[PDB]
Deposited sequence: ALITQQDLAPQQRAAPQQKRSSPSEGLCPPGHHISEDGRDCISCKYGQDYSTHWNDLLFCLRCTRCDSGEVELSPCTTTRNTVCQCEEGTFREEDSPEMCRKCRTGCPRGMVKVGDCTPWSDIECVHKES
């Protein structure tokens, strides 16, 4: 709750007054780096067709991955396009 040289540890955020380092609620926000954000980066949420592969830690966003049967790719990270893997077609 004290900024080591203006920054605050990962999982917290600076204050308006600039004094304390408040932490990011679980599965609602976070900071995976030493920051000075007046707010903690909101957490992503997976949607049907996506299976949560990893909790949104207070210092690591949630990781979502296509359901079984569908994959993503670097040019199509917006929707899960129907051997097959979670990042490649068969």
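*Asks:* Where does the model skip over parts of the deposited sequence?
*Replies:* According to the record, the gaps fall at 1-20, 103-115, 124-130.
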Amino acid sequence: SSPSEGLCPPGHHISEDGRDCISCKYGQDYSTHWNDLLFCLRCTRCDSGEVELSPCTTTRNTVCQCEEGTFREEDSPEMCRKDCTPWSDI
From here on, numbers count along this sequence of modelled residues.
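Throughout, rigid core stands for the largest set of C-alpha atoms superposing within 1.5 Å between the two forms.
*Asks:* Comparing 9-17 with 72-80, which has C-alphas lying farther from the shown form in 4 other deposited structures of this protein once the core is aligned?
*Replies:* Of 9-17 and 72-80, the stretch deviating more in 4 other deposited structures of this protein is 72-80.
*Asks:* Compare the mean C-alpha B-factor of 23-31 with that of 45-53 as given in the PDB entry, and name the stretch with the higher value.
*Replies:* It is 23-31 that shows the higher mean C-alpha B-factor.
*Asks:* For the stretches 63-71 and 14-22, which has the higher mean C-alpha B-factor as given in the deposited record?
*Replies:* Mean CA B-factor is higher for 14-22.
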